[PDB]
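Shown here is one chain on its own, the form deposited in one PDB entry, set out as structure tokens.
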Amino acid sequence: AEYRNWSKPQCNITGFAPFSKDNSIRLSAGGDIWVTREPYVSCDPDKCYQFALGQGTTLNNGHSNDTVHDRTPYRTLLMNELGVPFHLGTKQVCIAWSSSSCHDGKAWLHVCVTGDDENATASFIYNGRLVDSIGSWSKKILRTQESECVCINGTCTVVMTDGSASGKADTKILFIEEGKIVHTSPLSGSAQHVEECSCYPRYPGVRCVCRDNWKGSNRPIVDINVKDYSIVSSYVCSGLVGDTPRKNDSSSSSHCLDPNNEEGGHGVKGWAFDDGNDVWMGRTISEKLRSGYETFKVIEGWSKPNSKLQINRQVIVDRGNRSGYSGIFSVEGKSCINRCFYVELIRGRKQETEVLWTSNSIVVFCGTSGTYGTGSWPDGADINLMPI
């Protein structure tokens, strides 16, 4: 095995094609299936895996009551091959209420954060063993991407935040070689608040599109140089903005440099990626709620401030159905690197009160250079058929 360098060009993208769906909530009504949230996908050089943060319980289980909360000592990172729902044979890779994972071409890295909110521990596990750890630097919920990290030539990078979710916080970018932290760089640039970054290789470095939970409904961008550890940051130029909540399409804006101060408080994890001067992006269809999911290309939406010229829209989840977090992962083909994304389909409390639990399923799409049609691929469980 050799280290990945991701040195091939990005594949041509005309949109996205269906790749995977796990139906886990429908299965949970007739099977012992983990309660999860914050899923993601990452692939080793041969095959893809799904990940999520368990809640230390199956769904048809009294312990699924009041699983809406994000952080408990029972959450662990689950990992199975993609399309295998999280069943009782699934491996719990580490103790985690926040995580990121990625394969460097030779082995898996996992970054797993657990413990007290004011004094958490992040463990760094590589090739099946603990190699490093850090404690919280700001004593305010050390936390990370909830999607794949990215490794180039054996140096893996991951973005972490510690501090307020509604004010200035302290974000840092770690550089990790065979599980050992070799450098830590502070965030720099124009991004004012960065959470839950969705990162991808853009040789020779790494590019991330994140969540501003404070003043922006436009998404931050963080670029990472893995050779000299420098960082720059700004916001996606597109005037069709990617966060939820957000204003309507006519009222929304971005001009690349600053948070837009438009319904900027709160947010949802999401993604975007550049294609020349254009941007491909996903977002919820609702502007207020995590309902529906659409993708499209904004023409000149990477380079031109406030462009709203979209094309190539696809509905992934219709507006009548629940969505959730979403994130990017990248897959090496014969001659190019493709971009794919997952959508978390959240079910249960607080929004659906017929049940006491909160969980999710996933759906997953990959870039295509071919053609495609239309559809909608929601979670599909009937809340009234579920165990309470």
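Numbers follow the displayed sequence, beginning with 1.
Missing here is the form solved in complex with a partner chain; even so, the following discussion is about that form.
So its partner chain isn't shown here. In the entry with it bound, which residue out of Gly163, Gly154, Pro245, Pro305 has a non-hydrogen atom within 4.5 Å of it? Answer to the contact question: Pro305.
Legend entry - Contact assignment for its partner chain in the entry with it bound, among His266, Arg202, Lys106, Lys140, heavy atom within 4.5 Å: In short, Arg202.
field: Listed range touching its partner chain, judged in the entry with it bound by heavy atoms within 4.5 Å, from 291-299, 98-106, 253-261, 154-162
entry: Correct option: 253-261.
Test of understanding: in the entry with it bound, would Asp170 fall inside 4.5 Å of its partner chain by heavy atoms? No, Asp170 sits far enough from its partner chain in the entry with it bound that none of its heavy atoms falls within 4.5 Å.
Under a 4.5 Å heavy atom criterion, is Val232 part of the interface with its partner chain in the entry with it bound? Judged by the heavy-atom cut-off of 4.5 Å, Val232 is in contact with its partner chain in the entry with it bound.
Worksheet item: Wondering, does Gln192 line up within 4.5 Å of its partner chain in the entry with it bound on heavy atoms?
Response: Yes - in the entry with it bound, heavy atoms of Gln192 and its partner chain come within 4.5 Å of each other.
Q. Looking in the entry with it bound, any heavy atom of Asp223 within 4.5 Å of its partner chain?
A. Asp223: contacts its partner chain in the entry with it bound.
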